[PDB]
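Okay, model-v6.tsv now, which holds TSV, C-alpha atoms and all ligand atoms:
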chain	number	residue	atom	x	y	z
A	1	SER	CA	-13.96	-17.49	15.09
A	2	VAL	CA	-12.44	-20.53	13.41
A	3	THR	CA	-13.51	-23.05	10.85
A	4	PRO	CA	-14.34	-26.24	12.79
A	5	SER	CA	-11.64	-28.90	12.73
A	6	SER	CA	-12.43	-31.57	10.16
A	7	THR	CA	-10.83	-34.34	8.11
A	8	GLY	CA	-11.58	-36.59	5.20
A	9	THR	CA	-12.07	-36.82	1.46
A	10	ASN	CA	-12.61	-33.92	-0.93
A	11	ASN	CA	-12.41	-34.28	-4.74
A	12	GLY	CA	-10.35	-37.46	-4.38
A	13	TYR	CA	-7.82	-35.95	-1.98
A	14	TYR	CA	-7.37	-36.36	1.74
A	15	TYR	CA	-7.51	-33.18	3.81
A	16	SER	CA	-7.13	-32.22	7.44
A	17	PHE	CA	-7.85	-28.90	9.09
A	18	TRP	CA	-7.17	-28.55	12.82
A	19	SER	CA	-6.95	-25.60	15.15
A	20	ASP	CA	-6.91	-24.89	18.86
A	21	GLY	CA	-9.82	-22.45	18.44
A	22	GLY	CA	-7.68	-19.37	18.90
A	23	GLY	CA	-8.13	-16.18	16.95
A	24	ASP	CA	-9.70	-16.01	13.50
A	25	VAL	CA	-8.99	-18.80	10.99
A	26	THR	CA	-10.93	-19.55	7.78
A	27	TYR	CA	-9.98	-22.79	5.98
A	28	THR	CA	-11.64	-23.43	2.61
A	29	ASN	CA	-11.34	-26.48	0.43
A	30	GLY	CA	-11.54	-25.58	-3.28
A	31	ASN	CA	-11.81	-27.56	-6.48
A	32	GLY	CA	-9.47	-30.46	-7.22
A	33	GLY	CA	-6.39	-30.39	-5.02
A	34	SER	CA	-6.79	-26.77	-3.95
A	35	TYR	CA	-7.42	-25.15	-0.57
A	36	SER	CA	-6.98	-21.72	1.03
A	37	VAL	CA	-6.49	-20.36	4.54
A	38	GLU	CA	-6.85	-16.80	5.86
A	39	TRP	CA	-6.03	-16.08	9.50
A	40	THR	CA	-5.68	-13.27	12.04
A	41	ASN	CA	-3.83	-13.68	15.34
A	42	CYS	CA	-4.42	-17.41	15.33
A	43	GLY	CA	-3.44	-19.76	18.10
A	44	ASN	CA	-2.14	-22.82	16.26
A	45	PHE	CA	-3.67	-24.34	13.17
A	46	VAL	CA	-2.61	-26.83	10.51
A	47	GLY	CA	-4.51	-27.46	7.30
A	48	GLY	CA	-4.19	-28.73	3.80
A	49	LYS	CA	-4.69	-31.36	1.15
A	50	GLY	CA	-2.87	-34.56	0.27
A	51	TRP	CA	-3.18	-38.28	0.79
A	52	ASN	CA	-3.84	-40.89	3.46
A	53	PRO	CA	-1.70	-42.85	3.76
A	54	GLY	CA	1.47	-41.03	2.81
A	55	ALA	CA	4.27	-42.58	0.76
A	56	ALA	CA	7.67	-41.89	-0.77
A	57	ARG	CA	6.23	-39.87	-3.62
A	58	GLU	CA	6.88	-36.74	-5.64
A	59	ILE	CA	4.42	-34.09	-4.49
A	60	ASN	CA	3.66	-31.13	-6.73
A	61	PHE	CA	2.50	-27.95	-5.02
A	62	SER	CA	1.84	-24.42	-6.19
A	63	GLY	CA	0.11	-21.23	-5.12
A	64	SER	CA	0.56	-18.40	-2.68
A	65	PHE	CA	1.80	-18.29	0.90
A	66	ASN	CA	1.83	-14.96	2.74
A	67	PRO	CA	2.67	-15.30	6.42
A	68	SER	CA	2.78	-12.21	8.64
A	69	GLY	CA	4.82	-13.67	11.43
A	70	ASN	CA	5.24	-17.36	12.18
A	71	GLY	CA	3.73	-19.68	9.58
A	72	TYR	CA	4.99	-22.62	7.55
A	73	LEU	CA	4.25	-24.24	4.19
A	74	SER	CA	5.36	-27.87	4.35
A	75	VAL	CA	4.94	-31.42	3.25
A	76	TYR	CA	3.59	-32.54	6.62
A	77	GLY	CA	2.60	-35.96	7.81
A	78	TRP	CA	2.62	-38.73	10.38
A	79	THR	CA	3.70	-42.33	10.81
A	80	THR	CA	2.74	-44.78	13.55
A	81	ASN	CA	4.77	-47.48	15.32
A	82	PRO	CA	6.73	-45.42	15.82
A	83	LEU	CA	4.63	-42.28	16.11
A	84	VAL	CA	6.46	-39.51	14.22
A	85	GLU	CA	5.41	-36.04	13.08
A	86	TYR	CA	7.47	-34.88	10.10
A	87	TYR	CA	7.92	-31.66	8.15
A	88	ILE	CA	9.55	-30.85	4.82
A	89	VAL	CA	9.32	-27.07	5.12
A	90	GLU	CA	9.34	-25.31	1.77
A	91	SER	CA	8.69	-21.82	3.10
A	92	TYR	CA	8.36	-20.10	6.44
A	93	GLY	CA	7.80	-16.61	7.77
A	94	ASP	CA	9.74	-14.94	10.57
A	95	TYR	CA	10.50	-18.12	12.58
A	96	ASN	CA	12.74	-21.00	11.52
A	97	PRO	CA	11.04	-23.98	13.23
A	98	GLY	CA	14.42	-25.75	13.51
A	99	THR	CA	15.24	-23.37	16.33
A	100	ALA	CA	13.28	-25.77	18.55
A	101	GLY	CA	15.16	-28.89	17.48
A	102	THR	CA	18.66	-30.29	17.35
A	103	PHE	CA	20.60	-29.70	14.12
A	104	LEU	CA	21.69	-33.01	12.61
A	105	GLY	CA	22.96	-31.98	9.16
A	106	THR	CA	21.76	-31.38	5.63
A	107	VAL	CA	20.16	-32.92	2.56
A	108	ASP	CA	20.05	-31.58	-1.01
A	109	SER	CA	16.75	-32.14	-2.82
A	110	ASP	CA	14.72	-30.49	-5.58
A	111	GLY	CA	17.09	-27.62	-6.08
A	112	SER	CA	17.99	-26.63	-2.56
A	113	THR	CA	19.98	-27.64	0.49
A	114	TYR	CA	17.78	-28.41	3.51
A	115	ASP	CA	18.76	-28.25	7.17
A	116	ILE	CA	17.66	-31.28	9.20
A	117	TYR	CA	16.52	-31.18	12.82
A	118	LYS	CA	15.01	-33.57	15.35
A	119	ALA	CA	12.78	-32.35	18.18
A	120	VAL	CA	10.85	-34.16	20.89
A	121	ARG	CA	7.25	-33.19	21.61
A	122	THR	CA	6.14	-34.20	25.12
A	123	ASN	CA	2.43	-34.80	25.70
A	124	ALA	CA	1.47	-32.92	22.56
A	125	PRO	CA	-1.58	-33.31	20.32
A	126	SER	CA	-1.15	-36.07	17.76
A	127	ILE	CA	-3.17	-38.37	15.52
A	128	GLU	CA	-3.13	-40.81	18.47
A	129	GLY	CA	-4.27	-38.20	20.99
A	130	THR	CA	-2.04	-36.58	23.57
A	131	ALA	CA	1.34	-38.25	23.14
A	132	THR	CA	5.11	-37.91	23.29
A	133	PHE	CA	6.89	-38.39	19.98
A	134	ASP	CA	9.75	-37.41	17.76
A	135	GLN	CA	9.51	-34.63	15.18
A	136	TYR	CA	11.66	-34.74	12.04
A	137	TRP	CA	12.37	-31.53	10.15
A	138	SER	CA	13.87	-30.77	6.77
A	139	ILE	CA	13.94	-26.99	6.35
A	140	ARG	CA	14.52	-25.62	2.84
A	141	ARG	CA	17.14	-22.86	2.64
A	142	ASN	CA	15.76	-21.42	-0.62
A	143	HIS	CA	12.16	-20.76	0.31
A	144	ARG	CA	9.54	-21.33	-2.36
A	145	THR	CA	5.79	-21.81	-2.82
A	146	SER	CA	5.70	-23.98	-5.96
A	147	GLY	CA	7.60	-26.98	-7.20
A	148	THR	CA	8.03	-30.67	-6.48
A	149	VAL	CA	9.12	-32.34	-3.27
A	150	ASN	CA	10.66	-35.81	-3.51
A	151	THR	CA	9.61	-37.08	-0.10
A	152	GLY	CA	11.73	-40.21	-0.51
A	153	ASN	CA	14.90	-38.08	-0.60
A	154	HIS	CA	13.93	-36.70	2.83
A	155	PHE	CA	12.98	-40.10	4.17
A	156	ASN	CA	16.36	-41.30	2.93
A	157	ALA	CA	18.36	-38.47	4.48
A	158	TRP	CA	16.55	-38.85	7.80
A	159	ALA	CA	17.32	-42.56	7.79
A	160	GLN	CA	21.01	-41.79	7.08
A	161	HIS	CA	20.94	-39.90	10.39
A	162	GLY	CA	19.40	-42.81	12.28
A	163	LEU	CA	15.84	-41.39	12.14
A	164	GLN	CA	13.35	-44.20	11.64
A	165	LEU	CA	9.88	-43.77	10.16
A	166	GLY	CA	6.92	-45.95	11.01
A	167	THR	CA	3.86	-46.92	9.03
A	168	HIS	CA	2.55	-43.97	7.06
A	169	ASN	CA	-0.57	-42.12	8.18
A	170	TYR	CA	-1.65	-38.95	6.40
A	171	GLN	CA	0.60	-36.71	4.27
A	172	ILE	CA	-0.53	-33.23	3.20
A	173	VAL	CA	0.83	-29.98	1.88
A	174	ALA	CA	0.01	-28.06	5.05
A	175	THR	CA	-0.28	-24.39	5.87
A	176	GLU	CA	0.47	-23.95	9.57
A	177	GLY	CA	0.35	-20.82	11.71
A	178	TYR	CA	1.33	-20.13	15.30
A	179	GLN	CA	0.30	-16.83	16.89
A	180	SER	CA	0.42	-15.06	13.56
A	181	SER	CA	-1.72	-13.74	10.72
A	182	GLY	CA	-1.59	-14.42	6.99
A	183	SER	CA	-3.06	-16.36	4.13
A	184	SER	CA	-2.32	-19.12	1.70
A	185	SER	CA	-3.90	-20.58	-1.40
A	186	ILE	CA	-2.37	-23.89	-2.41
A	187	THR	CA	-2.96	-26.66	-4.96
A	188	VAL	CA	-1.52	-30.17	-4.59
A	189	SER	CA	-1.10	-33.05	-7.00
A	190	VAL	CA	0.94	-36.15	-7.67
A	191	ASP	CA	1.76	-37.20	-11.24
B	1	NA	NA	2.21	-45.40	17.32

Could you show the structure in this file as structure tokens?
Ligand code: NA
Amino acid sequence: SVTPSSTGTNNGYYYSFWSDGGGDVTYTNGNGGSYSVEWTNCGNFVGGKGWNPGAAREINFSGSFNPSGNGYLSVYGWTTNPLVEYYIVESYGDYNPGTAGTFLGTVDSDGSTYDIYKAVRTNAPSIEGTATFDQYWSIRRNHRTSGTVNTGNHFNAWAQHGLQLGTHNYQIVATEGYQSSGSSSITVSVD
């Protein structure tokens, strides 16, 4: 059983929780900017708290992230026109999600080098429904579960590689799992 997919406002933050119904997933909004997820042999889910619309901002995040298998903790968001799904992956489990993309280079931000990848998702779920769209990745080499992400540094580095962003839609500190188990308990803020 899974928490039903849902979106909106909670304690002044935006949140989104989405799953494909697979396995067992329990998403729980907490006070302020906090949320938790526990999951067992999920399908695919993505959930967390943040803002709508996103921006070039410094996002503070802290908490726990305990993937057993493939899961990510990322600044995660969308733009439109063009439609782009982007990830600034601060921690992952046993799978580096850049495997699926093309390596374009690196960016240094907030105390670590990141590896940058572009992937193409063909007829995949999106905030505009089933669609084909680019995916931008910045994957932190020095995994962590607390600190500050300067999203503008990533937007900058992606643009240096010819990767254009559209108009910002939502932007959250997302826990994501794919065919894995685990848990997270995360708090978000911006100064
Ligand atoms: Na669009």

Counting only C-alpha atoms and all ligand atoms, which residues of chain A sit at most 8 Å from some atom of ligand NA 1 (chain B), and what is each one's closest atom pair with its distance in Å to one decimal, listed by chain and rising residue number, as JSON lines?
{"residue": "A:79", "atom": "CA", "partner": "B:NA1", "partner_atom": "NA", "distance": 7.4}
{"residue": "A:80", "atom": "CA", "partner": "B:NA1", "partner_atom": "NA", "distance": 3.9}
{"residue": "A:81", "atom": "CA", "partner": "B:NA1", "partner_atom": "NA", "distance": 3.9}
{"residue": "A:82", "atom": "CA", "partner": "B:NA1", "partner_atom": "NA", "distance": 4.8}
{"residue": "A:83", "atom": "CA", "partner": "B:NA1", "partner_atom": "NA", "distance": 4.1}
{"residue": "A:84", "atom": "CA", "partner": "B:NA1", "partner_atom": "NA", "distance": 7.9}
{"residue": "A:128", "atom": "CA", "partner": "B:NA1", "partner_atom": "NA", "distance": 7.1}
{"residue": "A:166", "atom": "CA", "partner": "B:NA1", "partner_atom": "NA", "distance": 7.9}

Completion exercise
Closest of A:43, A:177, A:63, A:12 to residue 95 in chain A, counting only C-alpha atoms, is A:177

Wanna dump the range 22-88 of chain A-range 149-160 of chain A contacts at 12 Å for me, each residue with its shortest atom pair and the distance in Å to one decimal, counting all atoms listed in the file, ordered by chain and number, as a Markdown table?
| residue | atom | partner | partner_atom | distance |
| --- | --- | --- | --- | --- |
| A:54 | CA | A:151 | CA | 9.5 |
| A:55 | CA | A:151 | CA | 7.7 |
| A:56 | CA | A:152 | CA | 4.4 |
| A:57 | CA | A:151 | CA | 5.6 |
| A:58 | CA | A:150 | CA | 4.4 |
| A:59 | CA | A:149 | CA | 5.2 |
| A:60 | CA | A:149 | CA | 6.6 |
| A:61 | CA | A:149 | CA | 8.1 |
| A:62 | CA | A:149 | CA | 11.1 |
| A:74 | CA | A:149 | CA | 9.6 |
| A:75 | CA | A:149 | CA | 7.8 |
| A:76 | CA | A:151 | CA | 10.1 |
| A:77 | CA | A:151 | CA | 10.6 |
| A:79 | CA | A:155 | CA | 11.6 |
| A:84 | CA | A:158 | CA | 12.0 |
| A:86 | CA | A:155 | CA | 9.6 |
| A:87 | CA | A:154 | CA | 9.5 |
| A:88 | CA | A:154 | CA | 7.6 |

Exercise for the section: Select, from A:41, A:102, A:109, A:91, the residue with the minimum atom-to-atom distance to residue 148 in chain A, counting only C-alpha atoms. Expected result: A:109

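The closest residue to residue 94 in chain A, picked from A:181, A:112, A:134, A:21 and counting all atoms listed in the file, is A:181.
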